[PDB]
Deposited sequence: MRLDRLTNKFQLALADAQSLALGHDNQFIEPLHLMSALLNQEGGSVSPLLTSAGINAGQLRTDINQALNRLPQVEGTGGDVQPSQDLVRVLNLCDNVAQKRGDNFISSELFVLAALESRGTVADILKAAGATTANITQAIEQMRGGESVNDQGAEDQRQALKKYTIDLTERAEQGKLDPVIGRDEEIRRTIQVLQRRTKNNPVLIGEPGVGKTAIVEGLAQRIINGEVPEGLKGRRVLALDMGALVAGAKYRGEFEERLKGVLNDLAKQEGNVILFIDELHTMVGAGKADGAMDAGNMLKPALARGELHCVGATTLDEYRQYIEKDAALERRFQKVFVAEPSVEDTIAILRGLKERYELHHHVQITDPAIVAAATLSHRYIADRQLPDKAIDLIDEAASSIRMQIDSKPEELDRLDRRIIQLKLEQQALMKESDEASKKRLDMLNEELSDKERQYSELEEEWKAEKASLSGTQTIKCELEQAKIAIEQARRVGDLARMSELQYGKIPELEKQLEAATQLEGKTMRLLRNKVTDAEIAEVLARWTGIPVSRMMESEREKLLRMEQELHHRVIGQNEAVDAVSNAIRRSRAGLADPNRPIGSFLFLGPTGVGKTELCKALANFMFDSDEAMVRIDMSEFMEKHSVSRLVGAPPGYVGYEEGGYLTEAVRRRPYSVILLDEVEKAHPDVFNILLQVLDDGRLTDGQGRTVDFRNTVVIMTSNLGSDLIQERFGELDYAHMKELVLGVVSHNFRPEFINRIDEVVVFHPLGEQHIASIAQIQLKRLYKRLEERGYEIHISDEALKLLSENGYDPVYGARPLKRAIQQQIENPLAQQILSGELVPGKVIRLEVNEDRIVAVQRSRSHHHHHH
């Protein structure tokens, strides 16, 4: 008994237990089960990192401090470990002499000992070496007779496929559900626990670093549960500052939310850290920073930058994505380019744009590729194309390209992402679109968008295109769109400004090779004859570097006069261009 079971009650007299704050409805319900006549076995069902191990450490602190009823007064909470019972059990019945050694020491205790079996699912099938099970089949009489007082603490899905499968052991435990506390319920958890970390780290932790250790944990960390990550963050931040005082008021020890969001940015990647950066320079110039790489399209950025300012002010709907856009209009105008800009603004990486081409979803059978296959079908455990991608990046700009080429029954899949920000996978797991920006480019009115842009100034392309030919006949999808955005086609004013960032990002490395080129002003309209298109758009400009500028170097090698090291020009003549050394 003293070889295996850790005694939590004498670990509470030394003050070695964490102070437990709250939990008084789940501790009282635990004592209500622990005082039952038969089957006095609570199982603290929760999720990993909810506090179900620090409920019995708030029961064992309670027995010593005496807030328990008489009947649980003066008990002992022993923490049996089923990993130390299957530890060296090689031979036949070395495990069964460990339980029947522990179970017979618990009967000498005449009911003065509470047994905390943490992770009961490790008891289901613990011996089980030759036949029927040996741990939750040896406890099974003394669990039903109300004899050993077994506080279990498993999680809900570990209860579901370990303990619920043994239906004769499932009834010997009573589910004391430990729901995770809310964001305000874990501040008081962490306000009293902060001094137990101040005495260990020799580090002062402010309640600003605690009110933001939980609002940033809950919002940004979605796989963990709340009083496990909020105390991870303060322990990581107090260890990050504990370097700054050891090795090399301005050499601080205080944790503030500057250090808490810095650890969380180092965990997840979301840079909302401090507004003492150029973010004050960035929050009102949010519409013109997109204009750095989205040339023109003032109706486009004033729809997307005003919607992502609407949520950074905490004013947008938290049961809806950050933005739901329909980018109908011409091709090669700034549709796909703004979403790269919007990803390079919000999550500052244009690799965080989940592009989905809806020409792959032409027919109705190809809708379970986005959402996932049902149980029992091909591609079930794989997932969906949209749902699993949003589980990869929950903070991403979803591009749904040419949605008018989708099936009509894929807008039905796209009614719940727009309205509620949810999409359930084929495996019954719901993915959360509340942090994504769902932008949907289309070409459904583009014939009438292009002809009327220099006629109807800035608002009449929105009205009166809807109803004769365009989307109103299927009306449930239009009103779920946040802003329907029409795109004015590009004149010569924009493609001269759009054809300047072709090699601007590669510009900052390749100087010493022998290349630095300033703007030449004579070959401007050579690219503005194939690239500046009223019909097909500005996308043939990207081929107008692959067809116009890059050809007579990489194949004209063998003739023996043109060798690299000299910067090329282009002039308006019938030249078949030369290059002088």
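Engineer: If I number the deposited sequence starting at 1, which residue ranges have no C-alpha coordinates at all?
Structural biologist: In the chain as deposited, 1-160, 409-524, 858-867 carry no coordinates.
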